[PDB]
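Architecture at a glance
Listed here are the chains, written in short residue letters.
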Amino acid sequence: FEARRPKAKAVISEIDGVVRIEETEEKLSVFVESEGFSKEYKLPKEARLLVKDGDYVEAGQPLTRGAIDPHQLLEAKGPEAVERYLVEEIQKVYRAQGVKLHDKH
Amino acid sequence: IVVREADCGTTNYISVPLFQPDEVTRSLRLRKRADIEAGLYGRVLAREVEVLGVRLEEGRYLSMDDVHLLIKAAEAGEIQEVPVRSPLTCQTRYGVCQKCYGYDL
Ligand SMILES: [Zn+2]
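Counting starts from 1 on each chain and goes along its sequence as written, which need not follow the entry numbering; residues with no coordinates are hidden. Going through the entries in the order they are written, you letter the chains from A and number the ligands from 1. Values throughout apply to the part shown, which belongs to a larger assembly of chains. As a convention, hydrogens and water are excluded, and side-chain values are obtained from all of the structure's heavy atoms.

As stated in the entry header, the method of structure determination is cryo-EM and the reported resolution is 2.48 Å.

Following this line, the structure appears as structure tokens:
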């Protein structure tokens, strides 16, 4: 509700394309290759990937498990995507406690 | 925020999903009934829907029988999302309109 940036935030793709893993002992890096662009994401060693090689990711789609930064998602996808994310994530907490609450509120 | 008029005349809407992208199985699975009811019950249809030989007209409030009929159609693979009016797309200043809010729970 305060739109704060999570400490252990996930990493999302700013552009859409095909992923390219380069796992090595030195570091782990994730490459998003497109028709004319190629972006590099340097994940830490303790990164729980949810995307494998040969997958088609879109802008705003997460590449690692964790909580998405609302401000980063707003710039990548748009106002409609961040509103959908906020309503769904808030309802997850209230469902776990068995509380029924309409989406309108 | 106060309900200040009957209709704002807008044409924007939101689409309420009926399926969820399960990650462990990498597939689309039907959402729970309580989650579907929490986002559809007592809401005004933005567009006309035709499922299971029944015509639901635009501008119709969704009763709990209508929500259950929609879930039945989803199980038969006839509909994936429902277009409804929401406060997120209302154009009333300083509040919402009657059609964008829905029913008094
Ligand atoms: Zn309205």
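Alright, that's what it looks like, and here's the rest.
1. A short note on the overall build of chain B
Check the secondary structure of chain B and you find 3 helices and 8 strands. To qualify as a helix, a DSSP run of H or I must reach at least 4 residues; to qualify as a strand, a run of E must reach at least 2; elements of each kind are numbered from the N terminus. Each helix (α) and strand (β) of chain B, taken in turn from the N terminus, gives the series β-β-β-β-α-β-β-α-β-β-α. The dimensions of chain B, computed from C-alpha atoms along their principal axes, are 45 × 35 × 25 Å. It only takes one pair of heavy atoms within 4.5 Å for two residues to be counted as in contact. Contacts in chain B between residues far apart in sequence, at least 24 positions, make up 64% of those at least 6 positions apart.

2. Here's the deal with the coordination of the zinc ion
Residues and elements named next belong to chain B. Coordination of the zinc ion by the protein comes from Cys8 (SG), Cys90 (SG), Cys97 (SG) and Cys100 (SG), over a distance range of 2.3 Å. Only nitrogen, oxygen and sulfur atoms qualify as donors, provided they sit within 2.8 Å of the metal or within 3.2 Å for Na, K and Ca; with water excluded from the atoms, sites may seem incomplete. Site shape is set this way: if four donors have all angles between 85 and 135 degrees, tetrahedral; if opposite donors are over 155 degrees apart and all others between 65 and 115, square planar for four donors and octahedral for six; otherwise irregular. In this structure, the zinc ion is coordinated by 4 donor atoms arranged in tetrahedral fashion, with angles at the metal of 100 to 127°. Partly exposed describes any residue whose relative accessible area lies between the buried limit of under 20% and the exposed limit of over 50%, with all areas from a 1.4 Å probe on protein chains only and scaled to the type maximum. Using a relative accessible area of 16% as the deciding quantity, one classes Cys90 as buried.

3. A closer look at the sheet that holds strand β4 (residues 56–57) of chain A
Residue and element names in this part refer to chain A. Strand pairing is assigned whenever DSSP identifies at least 2 bridges connecting the two strands. Overall, antiparallel pairing links the 4 strands, which are arranged β3-β2-β1-β4 in an open sheet. Each of the sheet's edge strands pairs with one partner strand only, and the pair in question is β3 (38–43) and β4. Judged from the 2 bridges that link them, strand β1 (residues 17–21) and β4 form a sheet pairing that is antiparallel. Opposite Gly17, over in β4, you have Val57 as the bridge partner.

4. Focus: the interface of chain A and chain B
On the side of chain B, 13 residues touch chain A, which itself brings 10 residues to the contact. Taking both sides of the interface into account, the surface hidden between chain A and chain B amounts to around 1,100 Å²; carbon and sulfur atoms contribute 47%. In the sections that follow, a salt bridge refers to a side-chain nitrogen of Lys or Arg positioned within 4 Å of a carboxyl oxygen of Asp or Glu. A salt bridge links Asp35 of chain B to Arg95 of chain A; its shortest N-O distance comes to 3.4 Å. Identification of polar contacts relies on pairs of N or O atoms within 3.5 Å, with a donor-acceptor requirement for protein atoms, meaning one able to donate a hydrogen and the other able to accept it, and with residues adjacent in sequence counted only if both atoms are side-chain atoms. Along the contact surface separating chain A from chain B lie 6 residue pairs in polar contact. All amino acids are sorted into three groups, where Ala, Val, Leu, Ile, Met, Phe, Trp, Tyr, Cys and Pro are nonpolar, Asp, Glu, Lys and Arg are charged, and the leftover types, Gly among them, are polar. Each residue belonging to the side of chain A that touches chain B can be placed in one class, and the counts come to 2 nonpolar, 2 polar and 6 charged. By buried area we mean the combined loss of accessible area, with a 1.4 Å probe, across both parts when two parts are placed together.

5. Things to note about the environment of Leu49 of chain A
All names here are of chain A. Inspection of the secondary structure assignment puts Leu49 in the loop between β3 and β4. In this structure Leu49 comes out as partly exposed when scored by relative accessible area, which is 30%. Discounting residues that sit within four places of it in the chain, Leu49 has contacts with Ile21, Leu28, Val30 and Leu63.

6. A look at the packing of aromatic side chains
Stacked, tilted and edge-to-face are the three classes applied to pairs of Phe, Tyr and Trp rings, where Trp contributes its six-membered ring and a pair requires centres within 6.5 Å; stacked means planes under 30 degrees apart, edge-to-face means over 60, and tilted covers the rest. The full count for this structure, using the stated rule, is 2 aromatic pairs over all chains. Measuring from ring centre to ring centre gives 6.5 Å for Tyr41 of chain B and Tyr103 of chain B, while their planes differ by 85°; the resulting arrangement is edge-to-face. With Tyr41 of chain B in the loop between α1 (33–37) and β5 (49–51) and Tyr103 of chain B in the segment after α3 (98–101), this residue pair connects regions lying 62 residues apart in the sequence. You can call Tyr103 of chain B partly exposed: its relative accessible area is 33%. Seen in terms of ring centroids, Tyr61 of chain B and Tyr103 of chain B are 5.1 Å apart; in terms of plane orientation they differ by 15°. Their pairing is stacked. Remark: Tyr103 of chain B occurs in the segment after α3 and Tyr61 of chain B occurs in the loop between β6 (54–56) and α2 (64–75); sequence separation between them is 42 residues. Ring pairs connect the aromatic residues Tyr41, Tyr61 and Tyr103 of chain B, which therefore count as one cluster. The rule for a charge over a ring is simple: NZ of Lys or CZ of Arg within 6 Å of the ring centre, and within 35 degrees of the ring normal. Just above the ring of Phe31 of chain A sits the side chain of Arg20 of chain A; from NZ or CZ to the centre is 4.9 Å. In this structure, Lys104 of chain A is placed above the aromatic ring of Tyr101 of chain B, and the distance from its NZ or CZ to the ring centre is 4.1 Å.

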